[PDB]
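Step one of this worksheet: look at the structure below.
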Amino acid sequence: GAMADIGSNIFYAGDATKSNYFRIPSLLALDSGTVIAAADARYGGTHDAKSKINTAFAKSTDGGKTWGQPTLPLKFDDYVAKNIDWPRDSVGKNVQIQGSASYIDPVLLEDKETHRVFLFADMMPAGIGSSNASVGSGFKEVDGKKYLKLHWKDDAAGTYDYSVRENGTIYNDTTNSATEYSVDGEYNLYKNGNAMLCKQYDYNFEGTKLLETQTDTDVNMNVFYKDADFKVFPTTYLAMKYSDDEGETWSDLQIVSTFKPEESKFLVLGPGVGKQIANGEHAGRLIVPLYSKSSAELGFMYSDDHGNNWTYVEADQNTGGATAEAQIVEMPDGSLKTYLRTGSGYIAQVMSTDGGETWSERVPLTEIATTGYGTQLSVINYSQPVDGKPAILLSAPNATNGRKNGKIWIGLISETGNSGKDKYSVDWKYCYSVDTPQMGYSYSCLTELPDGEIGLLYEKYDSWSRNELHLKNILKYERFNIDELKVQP
Ligand SMILES: CCC(CC)O[C@@H]1C=C(C(=O)O)C[C@H](N)[C@H]1NC(C)=O
Ligand SMILES: [Ca+2]
């Protein structure tokens with residue numbers, strides 16, 4: 001590293017998370033000027049779920065110069081958290097942990113009006129990822145109310161005759177009667193008030209074989225685990241916790257995906273950050289992007305009551321389940337513009353004028369080259385005008401083969417003199433090249449730091465390629481002043 005690269009990683013092999021690998025950056029400057037970040041702590045190489053992944057978190061209280069040790073606010077204990085080198089040979093590289101639960105793909109959002117920070121992540125039961133998730137919500141209705149459903153070990157396969165009801169009391173739904181079992185606020189199981197326990201797994205390679213084996217370490221038996229007497233429906237869930245002390249402590253685990261459509265396979269986060277609307281009637285509305293294999297691809301969840309209740313919106317009718325990861329910016333009057341990945345070989349744009357309740361048709365963005373699978377992008381508002389115009393910024397790779405050639409762009413917003421979704425246009429005037437065109441560049445997250453500089457946390461390799469799996473120390477943090485970025489090539 002150069003002098004300029006000192007301090008250019010927040011999370012790294014050897015830090016407090018005990019992970020050798022990381023992916024999926026999230027970076028967010030708080031209204032206090034505290035700056036925070038989160039990423040996946042991918043213990044089992046860089047694989048997506050199924051695997052063993054916890055959500056890591058870290059804070060800077062000097063404007064994003066300096067970063068404290070990381071914490072793990074969303075973590076599962078069914079398999080141990082340890083530093084391990086994942087094989088990168090031609091056979092071993094493909095091997096994933098088969099039996100762990102996982103938190104994956106974070107989103108950070110602050111409510112400025114209460115000063116509350118929300119951390120969201122996808123929540124995967126044991127041995128589950130997007131690709132083997134079962135179709136369904138994971139909840140049942142009993143007399144109209146939604147309860148998390150559960151499979152007792154000695155019931156028939158696919159049979160969920162039990163539910164988590166008030167106080168965490170587990171009920172038998174065929175008889176409608178409370179059992180002697182319950183869950184606590186961590187979703188750990190209890191029998192007649194006693195903590196139920198199971199053996200933690202360790203994982204070790206012998207050659208290219210991954211041996212997942214019990215240790216003698218006891219942990220709390222959790223309904224998300226492979227070895228639980230009661231087990232959740234094996235679909236994807238949305239998890240959230242909030243903090244009122246800038247990440248010093250977290251609230252109890254929330255499973256917020258009660259709205260998961262019954263016809264959906266997966267419903268997951270567009271990682272990065274969410275948005276709080278600043279202007280218009282709905283200033284203070286919290287909105288978070290989602291996508292699904294369902295009736296719809298692109299979706300959102302929003303809250304009008306400071307995060308207590310969330311509404312799900314579908315933004316299209318696509319049943320294809322493409323990887324429609326999105327990030328959202330706001331126009332000067334409070335309307336919203338969302339940029340998203342597609343499975344169509346371009347980045348797309350959609351608009352809402354009612355604060356995220358309804359969305360226009362997808363409009364391709366021709367300025368940026370991408371692959372047919374796409375990559376996640378980061379888009380943010382900037383608080384200072386640029387050339388006297390309102391400004392947004394976009395980070396993304398810029399190539400048609402591979403994840404490489406990262407740019408940061410500056411888009412200047414103009415009134416076109418038209419009414420609805422057509423009220424504004426974006427001039428992508430500036431395009432800054434992060435590195436040499438062949439250097440890898442995948443997922444990224446921008447934030448505006450309190451001094452008006454731009455922070456960036458990004459994947460400095462190609463995270464799609466099967467030949468760049470299981471690299472260490474590829475999550476890079478850089479800072480730029482706005483004049484550096486005002487490049488026209
Ligand atoms: C969700 C489907 C999609 C299938 C390729 O995977 C996403 C692609 C990713 C990618 O293109 O690198 C990273 C995301 N972490 C992953 N999401 C999940 C939930 O695993
Ligand atoms: Ca309001």
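Residues in the structure tokens are numbered from 1 in each chain, the chains being A, B, ... in the order shown, and ligands are numbered from 1 in the order shown.
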Residues within 8 Å of region 90-98 of chain A, only C-alpha atoms, excluding chain neighbours under 2 positions, as an MDAnalysis selection string
chainID A and resid 44:45 47 50:52 86:88 100 127 203 208:210 212 469:470
Against ligand 2, which residues of chain A fall within 12 Å? For each one I want the closest pair of atoms and the distance in Å (one decimal), counting only C-alpha atoms and all ligand atoms, rows by chain and increasing residue number, as a Markdown table.
```
| residue | atom | partner | partner_atom_place_in_ligand_line | distance |
| --- | --- | --- | --- | --- |
| A:111 | CA | ligand 2 | 1 (Ca) | 10.7 |
| A:112 | CA | ligand 2 | 1 (Ca) | 10.9 |
| A:113 | CA | ligand 2 | 1 (Ca) | 8.7 |
| A:114 | CA | ligand 2 | 1 (Ca) | 11.3 |
| A:276 | CA | ligand 2 | 1 (Ca) | 9.9 |
| A:277 | CA | ligand 2 | 1 (Ca) | 8.7 |
| A:278 | CA | ligand 2 | 1 (Ca) | 8.9 |
| A:279 | CA | ligand 2 | 1 (Ca) | 9.3 |
| A:280 | CA | ligand 2 | 1 (Ca) | 9.0 |
| A:281 | CA | ligand 2 | 1 (Ca) | 7.1 |
| A:282 | CA | ligand 2 | 1 (Ca) | 5.3 |
| A:283 | CA | ligand 2 | 1 (Ca) | 4.8 |
| A:284 | CA | ligand 2 | 1 (Ca) | 4.4 |
| A:285 | CA | ligand 2 | 1 (Ca) | 6.4 |
| A:286 | CA | ligand 2 | 1 (Ca) | 9.6 |
| A:303 | CA | ligand 2 | 1 (Ca) | 10.4 |
| A:304 | CA | ligand 2 | 1 (Ca) | 7.3 |
| A:305 | CA | ligand 2 | 1 (Ca) | 8.4 |
| A:306 | CA | ligand 2 | 1 (Ca) | 9.0 |
| A:355 | CA | ligand 2 | 1 (Ca) | 11.5 |
```
Of the candidates A:48, A:155, A:202, A:105, which one gets nearest to residue 131 (chain A) if we count only C-alpha atoms?
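Answer, going by the shortest atom-to-atom distance: A:48.
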Please write out the residues within 6 Å of ligand 1 as a PDB file with N, CA and C atoms, in the first residue's frame, counting only C-alpha atoms and all ligand atoms.
```pdb
ATOM      1  N   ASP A  48     -21.827 -16.922  -1.193  1.00  0.00           N
ATOM      2  CA  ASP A  48     -23.194 -16.614  -0.722  1.00  0.00           C
ATOM      3  C   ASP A  48     -23.748 -17.797   0.062  1.00  0.00           C
ATOM      4  N   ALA A  49     -24.829 -17.533   0.786  1.00  0.00           N
ATOM      5  CA  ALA A  49     -25.516 -18.546   1.509  1.00  0.00           C
ATOM      6  C   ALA A  49     -25.990 -19.563   0.474  1.00  0.00           C
ATOM      7  N   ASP A 105     -26.012  -9.896   3.324  1.00  0.00           N
ATOM      8  CA  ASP A 105     -26.395  -8.730   2.513  1.00  0.00           C
ATOM      9  C   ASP A 105     -26.993  -7.569   3.320  1.00  0.00           C
ATOM     10  N   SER A 130     -30.651 -18.347  -1.308  1.00  0.00           N
ATOM     11  CA  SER A 130     -31.704 -17.954  -2.258  1.00  0.00           C
ATOM     12  C   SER A 130     -32.090 -19.154  -3.138  1.00  0.00           C
ATOM     13  N   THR A 323     -31.741 -10.508 -10.436  1.00  0.00           N
ATOM     14  CA  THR A 323     -31.061  -9.984  -9.266  1.00  0.00           C
ATOM     15  C   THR A 323     -31.229  -8.459  -9.224  1.00  0.00           C
ATOM     16  N   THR A 375     -24.242  -6.061 -11.769  1.00  0.00           N
ATOM     17  CA  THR A 375     -23.575  -5.895 -10.480  1.00  0.00           C
ATOM     18  C   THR A 375     -24.330  -4.857  -9.644  1.00  0.00           C
ATOM     19  N   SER A 463     -16.145 -10.335  -7.914  1.00  0.00           N
ATOM     20  CA  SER A 463     -16.822 -11.223  -6.925  1.00  0.00           C
ATOM     21  C   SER A 463     -17.808 -12.205  -7.545  1.00  0.00           C
ATOM     22  N   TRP A 464     -17.877 -12.180  -8.850  1.00  0.00           N
ATOM     23  CA  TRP A 464     -18.720 -13.080  -9.643  1.00  0.00           C
ATOM     24  C   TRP A 464     -17.858 -14.187 -10.171  1.00  0.00           C
TER      25      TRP A 464
END
```
Do a neighbour search on residue 324 (chain A) at 10 Å with only C-alpha atoms, toss out local chain neighbours closer than 4 positions, and write the hits as a ChimeraX atom specification.
/A:268-270,289-293,297-299,339-343,347-348,373-376
What lies within 6 Å of region 238-249 of chain A using only C-alpha atoms, ignoring chain neighbours under 5 positions off, as a PDB file with N, CA and C atoms, in the first residue's frame?
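result-v2.pdb written:
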```pdb
ATOM      1  N   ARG A 116     -32.283   7.032  15.280  1.00  0.00           N
ATOM      2  CA  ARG A 116     -32.308   5.586  15.471  1.00  0.00           C
ATOM      3  C   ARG A 116     -31.701   4.989  14.215  1.00  0.00           C
ATOM      4  N   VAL A 117     -30.827   4.015  14.394  1.00  0.00           N
ATOM      5  CA  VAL A 117     -30.162   3.369  13.262  1.00  0.00           C
ATOM      6  C   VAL A 117     -30.711   1.974  13.143  1.00  0.00           C
ATOM      7  N   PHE A 118     -31.075   1.589  11.921  1.00  0.00           N
ATOM      8  CA  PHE A 118     -31.601   0.250  11.626  1.00  0.00           C
ATOM      9  C   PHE A 118     -30.607  -0.568  10.834  1.00  0.00           C
ATOM     10  N   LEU A 119     -30.365  -1.787  11.293  1.00  0.00           N
ATOM     11  CA  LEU A 119     -29.560  -2.696  10.534  1.00  0.00           C
ATOM     12  C   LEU A 119     -30.445  -3.856  10.066  1.00  0.00           C
ATOM     13  N   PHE A 120     -30.520  -4.035   8.755  1.00  0.00           N
ATOM     14  CA  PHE A 120     -31.273  -5.092   8.118  1.00  0.00           C
ATOM     15  C   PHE A 120     -30.289  -6.054   7.467  1.00  0.00           C
ATOM     16  N   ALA A 121     -30.663  -7.318   7.423  1.00  0.00           N
ATOM     17  CA  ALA A 121     -29.944  -8.352   6.675  1.00  0.00           C
ATOM     18  C   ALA A 121     -30.935  -9.479   6.330  1.00  0.00           C
ATOM     19  N   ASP A 122     -30.674 -10.209   5.241  1.00  0.00           N
ATOM     20  CA  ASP A 122     -31.410 -11.422   4.939  1.00  0.00           C
ATOM     21  C   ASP A 122     -31.086 -12.476   6.019  1.00  0.00           C
ATOM     22  N   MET A 123     -32.043 -13.306   6.394  1.00  0.00           N
ATOM     23  CA  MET A 123     -31.850 -14.231   7.492  1.00  0.00           C
ATOM     24  C   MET A 123     -32.175 -15.602   6.935  1.00  0.00           C
ATOM     25  N   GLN A 254     -35.670  -8.639  15.194  1.00  0.00           N
ATOM     26  CA  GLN A 254     -36.980  -8.579  14.538  1.00  0.00           C
ATOM     27  C   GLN A 254     -37.001  -9.358  13.239  1.00  0.00           C
ATOM     28  N   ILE A 255     -37.973 -10.256  13.113  1.00  0.00           N
ATOM     29  CA  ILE A 255     -38.195 -10.900  11.815  1.00  0.00           C
ATOM     30  C   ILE A 255     -39.314 -10.096  11.144  1.00  0.00           C
ATOM     31  N   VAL A 256     -38.965  -9.283  10.159  1.00  0.00           N
ATOM     32  CA  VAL A 256     -39.890  -8.227   9.677  1.00  0.00           C
ATOM     33  C   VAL A 256     -40.598  -8.649   8.420  1.00  0.00           C
ATOM     34  N   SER A 257     -40.234  -9.816   7.899  1.00  0.00           N
ATOM     35  CA  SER A 257     -40.795 -10.245   6.585  1.00  0.00           C
ATOM     36  C   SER A 257     -42.145 -10.942   6.721  1.00  0.00           C
TER      37      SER A 257
END
```
Straight-line distance linking CA of residue 29 (chain A) with CA of residue 477 (chain A), stated in Å to one decimal:
13.7 Å
Residues of region 235-449 of chain A in strand (DSSP E), written as a PyMOL selection string:
chain A and resi 237-243+254-255+267-269+272-273+275-276+286-292+298-303+311-314+326-330+336-340+347-352+363-365+378-386+389-396+407-415+424-433+444-448
Would you output that residue set with C-alpha atoms, as a compact mmCIF listing (two decimals), in the first residue's frame?
```txt
# COMPACT_ATOMS: atom_id res chain seq x y z
CA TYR A 237 -36.43 -14.09 6.03
CA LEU A 238 -35.75 -10.41 6.64
CA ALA A 239 -34.09 -9.56 9.92
CA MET A 240 -33.69 -6.21 11.63
CA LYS A 241 -32.28 -4.69 14.83
CA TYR A 242 -32.10 -0.98 15.76
CA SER A 243 -29.81 1.05 17.96
CA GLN A 254 -36.98 -8.58 14.54
CA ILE A 255 -38.19 -10.90 11.82
CA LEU A 267 -37.38 -11.99 -0.91
CA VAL A 268 -34.14 -10.28 -0.04
CA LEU A 269 -32.44 -6.90 0.42
CA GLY A 272 -26.21 -0.82 0.66
CA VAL A 273 -28.34 1.82 2.34
CA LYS A 275 -33.36 6.26 2.31
CA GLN A 276 -35.28 8.67 4.55
CA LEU A 286 -38.18 5.43 5.71
CA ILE A 287 -37.76 3.27 2.55
CA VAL A 288 -35.58 0.13 1.94
CA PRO A 289 -35.18 -1.66 -1.44
CA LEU A 290 -35.92 -5.37 -1.90
CA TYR A 291 -36.13 -7.83 -4.77
CA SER A 292 -37.76 -11.25 -5.26
CA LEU A 298 -38.18 -5.14 -7.66
CA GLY A 299 -39.95 -4.25 -4.42
CA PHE A 300 -39.70 -1.92 -1.41
CA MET A 301 -40.62 -1.84 2.26
CA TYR A 302 -41.44 1.56 3.83
CA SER A 303 -42.44 2.92 7.25
CA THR A 311 -45.43 -1.78 4.13
CA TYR A 312 -44.39 -3.92 1.20
CA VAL A 313 -44.74 -2.49 -2.38
CA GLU A 314 -44.19 -4.32 -5.67
CA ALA A 326 -31.42 -1.31 -6.14
CA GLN A 327 -30.45 1.97 -4.41
CA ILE A 328 -32.51 5.10 -4.19
CA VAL A 329 -32.01 8.89 -4.42
CA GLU A 330 -34.37 11.83 -3.92
CA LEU A 336 -37.65 9.33 -5.83
CA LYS A 337 -35.38 7.90 -8.49
CA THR A 338 -34.13 4.35 -8.16
CA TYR A 339 -31.31 2.84 -10.04
CA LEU A 340 -31.12 -0.92 -10.20
CA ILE A 347 -28.82 -0.61 -15.30
CA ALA A 348 -32.46 0.58 -15.16
CA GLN A 349 -34.13 3.54 -13.65
CA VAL A 350 -37.63 3.88 -12.23
CA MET A 351 -39.43 6.87 -10.69
CA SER A 352 -42.00 7.47 -7.93
CA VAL A 363 -35.92 3.03 -18.33
CA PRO A 364 -32.46 1.65 -19.37
CA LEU A 365 -29.45 3.78 -18.50
CA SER A 378 -24.33 2.64 -5.13
CA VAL A 379 -26.18 5.88 -5.62
CA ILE A 380 -26.48 8.79 -3.18
CA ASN A 381 -27.50 12.39 -2.81
CA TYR A 382 -24.90 15.07 -2.24
CA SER A 383 -25.78 17.99 0.09
CA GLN A 384 -23.93 20.78 -1.87
CA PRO A 385 -24.74 22.01 -5.31
CA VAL A 386 -22.31 21.12 -8.12
CA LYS A 389 -27.01 22.22 -9.68
CA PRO A 390 -28.41 19.61 -7.32
CA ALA A 391 -26.12 16.59 -7.46
CA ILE A 392 -26.18 12.81 -7.07
CA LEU A 393 -23.29 10.25 -7.27
CA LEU A 394 -23.18 6.75 -8.72
CA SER A 395 -20.49 4.01 -8.16
CA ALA A 396 -20.43 0.86 -10.26
CA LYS A 407 -16.19 4.60 -11.85
CA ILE A 408 -17.66 7.22 -9.62
CA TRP A 409 -20.01 9.44 -11.62
CA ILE A 410 -21.57 12.83 -10.82
CA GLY A 411 -25.10 13.41 -12.19
CA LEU A 412 -26.51 16.92 -12.29
CA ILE A 413 -30.26 17.29 -11.87
CA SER A 414 -32.31 19.59 -14.10
CA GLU A 415 -35.97 20.54 -14.38
CA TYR A 424 -36.21 16.15 -13.77
CA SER A 425 -33.33 14.97 -15.96
CA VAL A 426 -29.87 13.77 -14.86
CA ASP A 427 -26.74 14.97 -16.66
CA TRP A 428 -23.92 12.43 -15.96
CA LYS A 429 -21.27 15.12 -16.54
CA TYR A 430 -18.33 13.72 -14.58
CA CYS A 431 -16.84 10.18 -14.55
CA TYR A 432 -13.88 9.45 -12.19
CA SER A 433 -11.83 6.23 -12.76
CA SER A 444 -19.70 -0.68 -3.55
CA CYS A 445 -21.34 1.81 -1.14
CA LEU A 446 -20.92 5.65 -1.24
CA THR A 447 -21.61 8.05 1.62
CA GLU A 448 -21.11 11.81 2.08
```
Selection: 10 Å around residue 401 (chain A), only C-alpha atoms, excl. self and same-chain fewer than 3 positions, as a short mmCIF file (atom, residue, chain, number, x, y, z; two decimals) with N, CA and C atoms, in the first residue's frame:
```cif
data_model
loop_
_atom_site.label_atom_id
_atom_site.label_comp_id
_atom_site.auth_asym_id
_atom_site.auth_seq_id
_atom_site.Cartn_x
_atom_site.Cartn_y
_atom_site.Cartn_z
N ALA A 369 -21.77 0.64 -19.15
CA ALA A 369 -21.67 -0.70 -19.64
C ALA A 369 -21.79 -1.70 -18.50
N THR A 370 -22.45 -2.82 -18.73
CA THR A 370 -22.48 -3.86 -17.72
C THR A 370 -22.65 -5.21 -18.38
N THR A 371 -22.60 -6.26 -17.56
CA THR A 371 -22.77 -7.63 -18.02
C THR A 371 -24.25 -7.95 -17.96
N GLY A 372 -24.63 -9.12 -18.46
CA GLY A 372 -26.02 -9.58 -18.48
C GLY A 372 -26.56 -10.03 -17.16
N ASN A 398 -17.76 -0.61 -14.86
CA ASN A 398 -18.09 -0.12 -16.20
C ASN A 398 -17.47 -1.00 -17.28
N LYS A 404 -15.07 -4.91 -13.39
CA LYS A 404 -13.83 -4.16 -13.46
C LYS A 404 -14.13 -2.75 -13.88
#
```
Can you list, as a PDB file with C-alpha atoms, in the first residue's frame, every residue of region 100-189 of chain A that DSSP puts in helix (DSSP H, G or I)?
```
ATOM      1  CA  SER A 130     -31.704 -17.954  -2.258  1.00  0.00           C
ATOM      2  CA  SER A 131     -31.281 -20.914  -4.589  1.00  0.00           C
ATOM      3  CA  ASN A 132     -32.745 -23.668  -2.319  1.00  0.00           C
ATOM      4  CA  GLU A 166     -47.479 -14.005  22.262  1.00  0.00           C
ATOM      5  CA  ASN A 167     -44.641 -14.009  24.788  1.00  0.00           C
ATOM      6  CA  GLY A 168     -42.825 -16.416  22.540  1.00  0.00           C
TER       7      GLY A 168
END
```
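We find CA of residue 361 (chain A) and CA of residue 345 (chain A) to be spaced 16.5 Å apart.
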Hey, which of A:466, A:107, A:63, A:196 ends up closest to residue 453 (chain A)? Count only C-alpha atoms.
A:63
Pick the closest to residue 465 (chain A) from A:486, A:82, A:403, A:421: which is it, counting only C-alpha atoms?
A:403
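The shortest atom-to-atom distance to residue 33 (chain A), with only C-alpha atoms taken into account, belongs to A:60 out of A:60, A:360, A:83, A:317.
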Residue neighbourhood region 258-262 of chain A, 9 Å, only C-alpha atoms, exclusion window fewer than 6 positions, as a list in words
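Counting only the stated atoms, we get residues 135, 136, 137, 138, 139, 146, 147, 148, 236, 237, 238, 294, 295, 310, 311 and 312 of chain A.
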Nearest-residue call for residue 133 (chain A), choices A:264, A:353, A:159, A:69, using only C-alpha atoms
A:264
